[PDB]
Amino acid sequence: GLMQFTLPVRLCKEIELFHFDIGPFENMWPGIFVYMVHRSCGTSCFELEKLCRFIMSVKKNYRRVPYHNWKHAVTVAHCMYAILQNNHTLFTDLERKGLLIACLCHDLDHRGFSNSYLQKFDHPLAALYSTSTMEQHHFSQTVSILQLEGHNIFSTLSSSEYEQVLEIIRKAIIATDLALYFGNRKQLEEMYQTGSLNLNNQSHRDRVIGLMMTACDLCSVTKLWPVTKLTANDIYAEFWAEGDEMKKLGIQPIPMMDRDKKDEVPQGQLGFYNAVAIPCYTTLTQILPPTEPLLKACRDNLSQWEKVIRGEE
Ligand SMILES: Cc1c(Cl)cc(Cl)c2nc(CCc3nc4ccccc4[nH]c3=O)nn12
Ligand SMILES: [Mg+2]
Ligand SMILES: [Zn+2]
């Protein structure tokens, strides 16, 4: 237990910043995650052997899809790491433990298709989980991996601490259904403005963690422009494949998923920043001031999409 994970100097310094990109070396991603657990939680939070075995089963249960893959999982965990490290004293020991795991697991066994496409295809998961279909599946895959021999990283917790941490993870993962984000953020906006927001109220904390999960999930829009732009290419590679699968079912896909409407992407990105990303990081910054760099980076990326529309890119 005297085994610190360390990182080369550039990674050691840059991992602390919100805009860090975990890089193209897949074999370094498990080490990067353990490094983040050790610093945001402690070398004592998890047994190394169990944690390592859990990480590698999680990786194996992400598919080789263009965007909703193992790289996305670690990227979303790093954004959470950055939020937790900039808000040291606001989070409980169980929240520290639960949230990095929730982020690593939040898209487990994603197939590259929306809840909407599973409902239209009539996939078995759509009959098992009528709303937040993929997100209920991701939580289900998380419990399955935690129950494999030698994979229970929470085995040192009491029965009630264990139930609390799995409840934090379930809610965090469900919150990554962007259909739920709009109402969650509106409620948080009203509570912050009327001054009713109270972090001792468990159902208020739940809403704030939900928004943190949206913020981490969307964190592609908070990177250096070349990261943002190249990640958008992966996002559309998925959306357009789903669009193709919609046309195979005899359904005109929405424009966001129709590869024949590529020309509309820059304006689609503008809508997305204005309707989803900017309001997400605005409310997050109001509640947790030290997350302001996420909002500032998002606004810089919106200005870059504006440049793309004006033909200056
Ligand atoms: C960057 C990013 C993240 Cl991080 C996560 C998610 Cl879910 C996401 N979805 C989009 C697509 C936005 C979008 N493109 C469109 C393209 C063409 C026509 C209409 C569109 N209408 C849209 O709304 N970008 N995106
Ligand atoms: Mg998801
Ligand atoms: Zn995700």
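In the PDB archive, X-ray crystallography is given as the structure determination method for this entry, at a resolution of 2.0100 Å.

Considerations on the packing of helix α3 (residues 48–60) against helix α5 (residues 93–105)
Interhelical geometry of α3 versus α5 gives an angle of 25° and a closest axis separation of 10 Å. Taken together, the axis directions place α3 and α5 in an arrangement best described as roughly parallel. Across the interface between the two elements, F54, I55 and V58 of α3 pack against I101, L104 and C105 of α5. Along the lines of polarity and charge, the residues of the contact of α3 with α5 split into six nonpolar, no polar and no charged.

A word on the state of the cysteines
For the coordinates displayed, the defined rule picks out one disulfide. With its sulfur 2.1 Å from that of its partner, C41 forms a disulfide with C45. Disulfide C41 to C45: torsion about the S-S bond roughly -90°, handedness left-handed. Looking at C216, it has no disulfide partner, and the nearest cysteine sulfur is the one in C79, 3.9 Å off. Assessed through its relative accessible area of 0%, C216 is described here as buried.

Re the packing of helix α2 (residues 29–40) against helix α4 (residues 70–86)
Packing of α2 against α4 leaves a shortest axis separation of 10 Å and a crossing angle of 20°. Put simply, α2 runs roughly parallel to α4. Handedness of the crossing formed by α2 with α4: left-handed. When α2 is examined against α4, the residues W29, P30, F33, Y35, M36, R39 and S40 are found in contact with a partner set consisting of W70, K71, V74, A77, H78, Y81 and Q85. In the contact of α2 with α4, the residues fall into nine nonpolar, three polar and two charged.

A word on the coordination of the zinc ion (ligand 3)
The coordination sphere of the zinc ion (ligand 3) contains the protein donors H72 (NE2), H106 (NE2), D107 (OD) and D217 (OD), at a distance range of 2.2 to 2.3 Å. Classification of the site at the zinc ion (ligand 3) as irregular follows from its four donor atoms and the range of 87 to 178° in their angles at the metal. Here the donor residues for the zinc ion (ligand 3) map to a single chain with the spacing H-x33-H-D-x109-D. Taken as a pair, the zinc ion (ligand 3) and the magnesium ion (ligand 2) lie 3.7 Å from each other and share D107 as a ligand. Of this pair, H72 sits in helix α4 while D107 sits in the loop between α5 and α6 (115–121); the two residues are 35 residues apart in sequence, bridging distant segments of the chain. Its relative accessible area of 6% is what places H72 among the buried residues.

Regarding the site of ligand 1
Around ligand 1 sit 13 residues, and of these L218, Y236, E264, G268 and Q269 come closest. Taking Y236, its side chain carries an N or O atom lying 2.6 Å from a nitrogen atom of ligand 1. A distance of 3.0 Å separates a nitrogen atom of ligand 1 from a polar side-chain atom of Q269. For ligand 1, the protein covers 84% of the area, taking 560 Å² as the surface of the free molecule. Residue assignment for the shell around ligand 1 shows that the elements contributing at least two residues are α12 (225–248) and α13 (265–287). Ranked by residues supplied to the shell around ligand 1, first place goes to α13 with four residues. Taken together, the residues of the shell around ligand 1 sort by class into 10 nonpolar, two polar and one charged.

Points about the environment of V221
Inspection of the secondary structure assignment puts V221 in the loop between α11 (202–217) and α12. Note: C-alpha distance between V221 and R299 (78 residues apart in sequence) is 8.8 Å.

Things to note about the environment of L197
Here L197 lies in the loop between α10 (178–194) and α11. Considered as a pair, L197 and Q187 are 10 residues apart in the sequence and their alpha carbons are 9.7 Å apart. Apart from residues lying up to four places away in sequence, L197 is in contact with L188, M191, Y192, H204 and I287.

Calculation criteria
Residues numbered from 1 in each chain as written, not as in the entry; some residues may be left out. Chains lettered and ligands numbered in written order. Heavy atoms only, no water. Axes fitted to C-alpha atoms, helices over the stretch in contact; angles between N-to-C directions. Helix = DSSP H or I, 4+ residues; strand = E, 2+ residues; numbered from the N terminus. Parallel < 35°, antiparallel > 145°, perpendicular 65-115°, else oblique. Contact = heavy atoms within 4.5 Å. Nonpolar A, V, L, I, M, F, W, Y, C, P; charged D, E, K, R; others polar. Disulfide = S-S within 2.5 Å. Buried < 20%, exposed > 50% of the residue type's maximum accessible area, 1.4 Å probe, protein only. Left-handed = near helix turned anticlockwise from the far one by under 90°. Donors = N, O, S within 2.8 Å, 3.2 Å for Na, K, Ca; no water. Tetrahedral: all angles 85-135°; square planar, octahedral: opposite > 155°, others 65-115°. Near = heavy atom within 4 Å. Polar contact = N/O pair within 3.5 Å; in protein donor to acceptor, adjacent residues only side chain to side chain. Areas by Shrake-Rupley, 256 points an atom, 1.4 Å probe, with all protein chains shown as cover.

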